[PDB]
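# make a model of this:
(one chain, ligands or ions: 1)
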Amino acid sequence: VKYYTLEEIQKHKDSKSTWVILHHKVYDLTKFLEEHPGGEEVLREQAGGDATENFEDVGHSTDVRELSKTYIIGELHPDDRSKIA
Ligand code: HEM
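Residues are numbered from 1 along each chain as shown. Right below this line is the structure:
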């Protein structure tokens, strides 16, 4: 996986490209964005910060982890990941 800092993810704050750093692991649900029963403006609404907060809020099933696999992108820089602290 490529270590991209928010400097990049930030550029992925749109429909075409919308990720959500969760558990230090950013996911590219820009594809399954429409396949998500959540929304289209709520998934991207957090396409810049941490969605894990909102993602964990709704309380996603434990079988959701296996859900997104191919969509996954990797994990933003580990140095920047500790910066979001
Ligand atoms: C990329 C990973 C994600 C996957 C694989 C995923 C998967 C799912 C699935 C299968 C549902 C149905 C069951 C459930 O989990 O409640 C759902 C619902 C939902 N998801 Fe996600 N989700 C993801 C990320 C997010 C994020 C980042 C948000 C927003 C912060 C979000 C918000 C919601 C909401 C609001 C619901 C609908 C629950 C209800 O009826 O109120 N999800 N998600």
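
# leaving out sequence neighbours, find the closest residue to the residue sitting nearest the centre point of the chain.
When the chain is reduced to its mean C-alpha position, the closest residue under C-alpha atoms, centre = their mean turns out to be residue 20, at 1.8 Å. Nearest in space to residue 20, with sequence neighbours left out and distances taken as C-beta to C-beta, 6 or more residues apart in numbering, is residue 51 at 3.3 Å. (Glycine included, C-beta is placed from N, CA and C.)

# helix or strand for residue 8, which one?
When secondary structure is defined by DSSP states H and E, residue 8 falls within helix 6-9.

# same for the helix or strand that that helix is followed by, what does it pack against?
Note on helix 6-9: by DSSP H and E, the next helix or strand toward the C-terminus is strand 19-22. Of the remaining helices and strands, those touching strand 19-22 by 3 or more C-beta pairs under 8 Å, 6 or more residues apart in numbering; DSSP states H and E are helix 6-9, strand 25-28, helix 52-57.
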